[PDB]
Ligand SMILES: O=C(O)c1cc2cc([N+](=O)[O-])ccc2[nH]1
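We begin with a single chain expressed as structure tokens, specifically the form deposited without this ligand.
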């Protein structure tokens, strides 16, 4: 019941898109390669690629990344304790003016979850938000994360327009997942997580780029459980977002969900800006 519409590559005022950002929870950089995730990146040819759940360090990266032309500025963050879990990457054609790691809070900065890249007219944040876990074992920690992240982004957005992208591990509203009723007590659709997302949009403020453009479009998901053939059945959740400072809405051309790109239990999302 879902086919992503064609790429809209001009802005509301007819200006051509010039900046293409792709974000993807890859479920392990090495498995993602074995599952032919990198071939797709080459076709998409984004100016900036944000990756979540790399499960990799800046110390143990695959060598294919070094030969990706068009994405030669590469920044990585992995947990401070063990390796093989979480982790994020940000790869850019253009060198950012400044790259920083984490959200300025030691409590929340030990799991390789956030990279901040400052560009000329905007700041890009990519995030892998803590999953509330099986049995919601981490829901209280996730609530702490949500507040600290919100406060961090509010301060960031006070100085420069913000693009936040990544796996935010929440389906905001019922339209954002195939089975809302059955998941209201499962990670990603608890009232606590949904309210945190709503407060994030209102507080910073940020706009949900996809839902701004497609306010009434159902069955549009970016994650499906590996099990039970969920992806072939489109039993999914929209967990991956581009959230934009409002001043970037005149530059917004499109916000895509790359449903057919394989390699992970998430699919990529792609943003087009006329910037």
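Positions refer to the first chain, counted from 1.
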Open item on the list: Would you say residue 104 is commonly dropped, meaning unmodelled in a third or more of the other compared entries that have residues on each side of it?
Closed with: yes
Open item on the list: Is it the case that, in at least a third of the other entries compared (those modelling both flanking residues), residue 83 has no coordinates?
Closed with: yes
TODO: Look up the CA B-factors in the entry and say which stretch, 190-198 or 77-85, has the higher mean.
DONE: 77-85
Task: Of 166-174 and 144-152, the stretch whose C-alpha atoms average the higher B-factor in the entry - done: 144-152
Task: C-alpha B-factor winner, where the candidates are 220, 68, 206, 50 - done: 68
- [ ] By the entry's C-alpha temperature factors, tell me which of 131, 179, 121, 126 sits highest.
- [x] 121
Task: Position of residue 255 among the chain's modelled residues by C-alpha B-factor, lowest, middle or highest third - done: lowest
Open item on the list: Where does the C-alpha B-factor of residue 112 rank in its chain, lowest, middle or highest third?
Closed with: lowest
- [ ] Would you please rank residue 238 by its C-alpha temperature factor against the other modelled residues of its chain and give the third it falls in: lowest, middle or highest?
- [x] lowest
Task: Third of the chain, ranked by Cα B-factor, where residue 32 sits - done: highest
- [ ] Could you look up the Cα B-factor of residue 244 in the entry and say which third of the chain it sits in: lowest, middle or highest?
- [x] lowest
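The discussion below concerns the form deposited with this ligand bound, not included here.
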Task: in the bound PDB entry, the one of 19, 261, 252, 22 near this ligand [non-hydrogen atom within 4.5 angstroms] - done: 19
Open item on the list: To verify the annotation, which of these, 158, 121, 72, 202, has a non-hydrogen atom within 4.5 Å of this ligand in the bound PDB entry?
Closed with: 121
Open item on the list: Considering non-hydrogen atoms and a 4.5 Å limit, does this ligand approach residue 94 in the bound PDB entry?
Closed with: yes
Open item on the list: Although the partner isn't part of this model, could you tell me whether residue 44 comes within 4.5 Å of this ligand in the bound PDB entry, counting any heavy atom of the residue?
Closed with: no
Open item on the list: Please tell me whether any heavy atom belonging to residue 239 falls inside 4.5 Å of a heavy atom of this ligand, as the geometry stands in the bound PDB entry.
Closed with: no
TODO: Check whether residue 48 has any heavy atom within 4.5 Å of a heavy atom of this ligand in the bound PDB entry, and answer yes or no.
DONE: yes
Task: Stretch in contact in the bound PDB entry with this ligand, which is absent here, among 170-178, 144-152, 86-94, 131-139 (heavy atoms within 4.5 Å) - done: 86-94
